[PDB]
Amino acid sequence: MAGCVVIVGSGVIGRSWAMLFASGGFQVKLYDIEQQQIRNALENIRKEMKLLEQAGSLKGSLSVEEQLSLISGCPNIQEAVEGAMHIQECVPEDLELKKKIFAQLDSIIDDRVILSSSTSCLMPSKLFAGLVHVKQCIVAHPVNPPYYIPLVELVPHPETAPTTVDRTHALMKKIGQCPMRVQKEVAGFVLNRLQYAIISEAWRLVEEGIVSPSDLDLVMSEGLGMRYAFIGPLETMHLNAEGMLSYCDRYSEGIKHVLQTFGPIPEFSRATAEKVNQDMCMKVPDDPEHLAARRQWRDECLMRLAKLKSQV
């Protein structure tokens, strides 16, 4: 009864979105510039949904067969977007390519559909520059693997209509994800700014030999990361003293003292990358089979954690 959802780009992220939207009861049309990618996407989604069902990880109440019947290939973009209510773009991370596609869509779409990019790093102000339908534009950035990790960052353009944000929020909630709002665009949005703050100090600590990369990673996974699975950094402050003000009173002099001892932004030189890599390879060799085995274990853990979080 409501429009379908269109996925523009049936790759890694496109396929995950398709599964998310199908589980919410939405009709999904998969478009790609390569028709073979639509065919492969439909085959891989069929195979993955069977795997999820067997793991007990398939979302919502609809059967495998119900959800799969919601997803079809649609190689014609005009037909795909006709009557759509949401278009999620999932083409490669390339500003000129995204702007081209958006300019094509701009000339054919109606005033109700929402146009949403999956981009992890491009600014809405550049993506949607000069578009007639700029009010309908938004970034909805997911976290890979989005079927297990629910966070979606919603990042508007300055001229994005509030209704676009609210509609997109409600849509993300219906499919089971966890939308949040980035009020004004900034480099890295929110998630990558925190991630890169951590990477930057970790890199310096290991380059300096304060700890090995493997021990630094245990400091996170047997320590700080266990807390962060459930509570964010600001709530941690709140709970680790008698409230946030108490925590600042106790610890803020120290936080400043520690931060004032930070080294400069790394170069991330090839020489240092190679030394870090040599260390990483002791635990996880950088050939395809070893990397894929470790990612499969990672994803199983993510899936089990998602299930735990849903119960508490």
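Heads up: residue numbers just count along the shown sequence, starting at 1.
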- Query: Within this chain, which third does the Cα B-factor at residue 111 fall in: lowest, middle or highest?
  - Reply: lowest
- Task: Give the position of residue 73 by CA B-factor within its chain, expressed as the lowest, middle or highest third.
- Result: lowest
- For residue 180, return the chain-relative third of its C-alpha B-factor as stated in the PDB record: lowest, middle or highest. middle
- Message: Sorting by Cα B-factor within the chain, modelled residues only, which third would residue 238 end up in: lowest, middle or highest?
- Response: lowest
- Task: Tell me, lowest, middle or highest third: where does the Cα B factor of residue 94 rank within its chain?
- Result: lowest
